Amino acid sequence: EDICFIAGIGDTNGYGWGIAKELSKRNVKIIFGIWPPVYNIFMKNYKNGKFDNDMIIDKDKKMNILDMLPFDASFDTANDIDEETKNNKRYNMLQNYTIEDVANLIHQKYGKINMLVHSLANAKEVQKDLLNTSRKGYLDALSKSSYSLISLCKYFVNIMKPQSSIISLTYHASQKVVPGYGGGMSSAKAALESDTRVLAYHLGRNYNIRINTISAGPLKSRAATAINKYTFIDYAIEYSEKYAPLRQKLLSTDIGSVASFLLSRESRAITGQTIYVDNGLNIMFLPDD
């Protein structure tokens, strides 16, 4: 029985969904971690069957979601919750949404898991360029998009089985400059990739757990659409579809099937790596046009 917790899903148009979809093809139980502010709305859409078609698997089956829990990557433990949030309308009717709390919650209800997916990003000033990003906004991007991975590993390793696997999503902006990806997001991804290597060492040596990161190509999702700089995401997609070695549309399931492989034992020898799933765009220097 393989159980996978996916941190970072707010709809069916992101990478988290493509990953859950592909893992279902392999019969793995899925648990969603939903950011509190969109939890109730997500449950409403779910309950009203708005995701039904999106849950049908190729092999003529239904995606099996074990559970859906409110989850906020910016809070490590219960005593980290501040006043302003502890009174927020969207957080009031919710409890146990901190990293340690969800880990205890999952362990208590379903036992130990063996697959972990970090699929979340957030930066307050993603619209501003690096030079004009404030210290507060910069640290916010790193806390939510980078440190969250470290904390997830620290708390979930206690409820994971040996030889389990972890993955996260990153973007090439960390290695090469892409104008438009601001707010410290490029910085956060750079830390994520570096941290993945160091975590691979500690997790590998002490628990025999693997951890890799997938560098994906452009995907018109909510997080992306909110980067605007006809917006940043529309440009990257068009560019990728014109100049990438492989001229085909990049689907969330393309990252999903690769994630599925990295999360399985088929890849027991791969760890601390940044795997590119972008139709090869990253190998290009000079375009044809």
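Note that the rigid core is defined as the largest set of C-alphas that superpose within 1.5 Å between two forms. A residue's number is simply how far along the shown sequence it sits, counting from 1.
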| item | value |
| --- | --- |
| 149-157 against 80-88 - segment lying farther from this form in 6 other deposited structures of this protein (CA RMS, rigid core fit) | 80-88 |
| Check: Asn53 without coordinates in a third or more of other entries | no |
| Missing-residue flag, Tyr230, threshold a third of other entries | yes |
| Chain break class at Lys229/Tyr230 - deposited residues not modelled | 10 or more |
| Selected stretch [higher average CA B-factor]: 47-55 or 246-254 | 47-55 |
| 88-96 set against 202-210, stretch whose average Cα temperature factor tops the other in the entry | 88-96 |
| From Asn114, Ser215, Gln127, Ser174, residue of greatest CA B-factor | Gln127 |
| Selection from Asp140, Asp76, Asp195, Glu83 [criterion: highest C-alpha temperature factor in the record] | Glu83 |
| CA B-factor ranking of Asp11, expressed as a third of its chain | highest |
| Third of the chain's Cα B-factor distribution that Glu22 belongs to, per the entry | middle |
| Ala259 - which third its CA temperature factor falls in, relative to the rest of the chain | lowest |
| CA B-factor ranking of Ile283, expressed as a third of its chain | lowest |
| Lowest, middle or highest third - CA B-factor, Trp35 | middle |
